[PDB]
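> Supplied in structure tokens, the structure appears directly below.
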Amino acid sequence: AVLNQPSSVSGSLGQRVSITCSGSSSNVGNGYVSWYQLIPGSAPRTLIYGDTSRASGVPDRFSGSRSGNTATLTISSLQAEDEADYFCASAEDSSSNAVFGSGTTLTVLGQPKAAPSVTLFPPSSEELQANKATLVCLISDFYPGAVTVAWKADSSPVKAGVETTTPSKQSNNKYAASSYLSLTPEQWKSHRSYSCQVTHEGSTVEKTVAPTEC
Amino acid sequence: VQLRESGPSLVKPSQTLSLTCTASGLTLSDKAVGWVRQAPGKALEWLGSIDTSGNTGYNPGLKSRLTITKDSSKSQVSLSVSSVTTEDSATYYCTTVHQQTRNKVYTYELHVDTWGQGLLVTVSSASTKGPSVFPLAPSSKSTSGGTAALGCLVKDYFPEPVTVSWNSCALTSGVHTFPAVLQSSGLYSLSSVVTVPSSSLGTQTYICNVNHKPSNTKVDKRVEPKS
């Protein structure tokens, strides 16, 4: 089976949010639910066990509670570090077949807005001497994480050969994204300039690189 | 308590995935070792566990393809997944589970205590390919009047993952490593960037260390500024 969890919940910095963990009378009914935190790029971290007990190192702002066939994980005084995926888990009676929840992505709102800074790297000497050419557009230090990226060649739109990652959190809890434009050295040498156009909250930052001189 | 997963990161479809887990610093509460995996975009999935007495419990939806044995002498646990499909590509975790008695009747309570680092496994017929590493050199464009951005480009590798550090991990402040893009050719690429003070560009050498375990490849690319 799978325990029912809300797909995603949101809370403001310094507030409290609760994540519900619904189940049947066999898994959560017996009632010893556990809670785990998955930060991308890190091993899962046990938060709560035995419904209420906090695991080793878990601050007191993480609490647990159960009511019949529904357990609840409450996080008070939300910090930006609390943005992660949360899963509940319970033993299905026989204590040999664990069941995890569908998962809940917690996003922390109320962070200061930040405009993106964009760096556009031309292909290097090494890559150009390998019959390859890739333009790398790195976007960092922006919030919220909703941007669009567009490439130009001599102010004419380019749609082919573009690969872009989804925004991801960085060290200072701001977002960063990357986009790439794969070319042949002939194409790179052909045009007079190339541009990476990043749009964030109605405004647009554009970086231009040229093959002529760097 | 330390748990280390070992095994292949690439397996061909229809083959058998074999994973080992070596534990160090076992305590008295570590009474069973279990296996959990997480496919991309899906929730955590329990696989099975085995206790000190040798009893094995399996996920009933997968027991026809799972086997879990242990070697307490070497302090190891092994997981085998037979006839793998692309639905079996996931990060496989080794775990120590605890069992504390609430007794008051025998009401028990189980939870995962320590999680392993996780081993990323990809099911595919494509061949392993080590990465080409090129430098993203800082120029008079990539400077921000005091800070300058530099990085390295890890191009065309398979399969995931690729880890990148800077100066053999001596440089961590201001580093960001982006997730990978899956090109049309079926190869992965990512970038690692770090912002440094502009003054140090002529006094501090910056070397990006790319590591690609799936092909046992390690690259140390030096990133020199553009003249």
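Residue numbering restarts at 1 for every chain of the structure tokens, chains are lettered A, B, ... in their displayed order, and ligands are numbered from 1 as they appear.
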Give the residues of chain B that lie within 6 Å of chain A; count only C-alpha atoms, and format the answer as an NGL selection string.
:B and (43 or 57 or 59 or 109 or 117 or 142)
> Could you give me, as a list in words, the residues within 7 Å of range 78-91 of chain B, counting only C-alpha atoms and dropping anything in the same chain fewer than 6 positions from it?
residues 13, 14, 15, 16, 17, 18, 19, 20, 21, 37, 38, 39, 40, 65, 66, 67, 68, 69, 70, 118, 119, 120, 121, 122, 123 and 124 of chain B
> Within 10 Å of residue 202 in chain B, counting only C-alpha atoms, which residues show up once you throw out same-chain ones fewer than 4 positions away? Write them as a list in words, please.
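In the requested format, the answer is residues 198, 224 and 225 of chain B.
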> Applying 10 Å and only C-alpha atoms, which residues near residue 3 in chain B remain after dropping the ones on its own chain fewer than 6 positions away? List them as number ranges by chain.
B: 21-26, 33, 76, 93-96, 114-118
> Could you give me the residues within range 33-160 of chain B that DSSP places in helix (DSSP H, G or I), as a PyMOL selection string?
chain B and resi 63-65+86-88
> Going by DSSP on the backbone, which residues of range 20-181 of chain A come out as strand (DSSP E)? List them as a PyMOL selection string.
chain A and resi 20-22+34-38+45-49+53-54+62-67+70-76+84-91+98-100+104-109+117-121+133-142+148-153+156-158+162-164+168-169+175-181
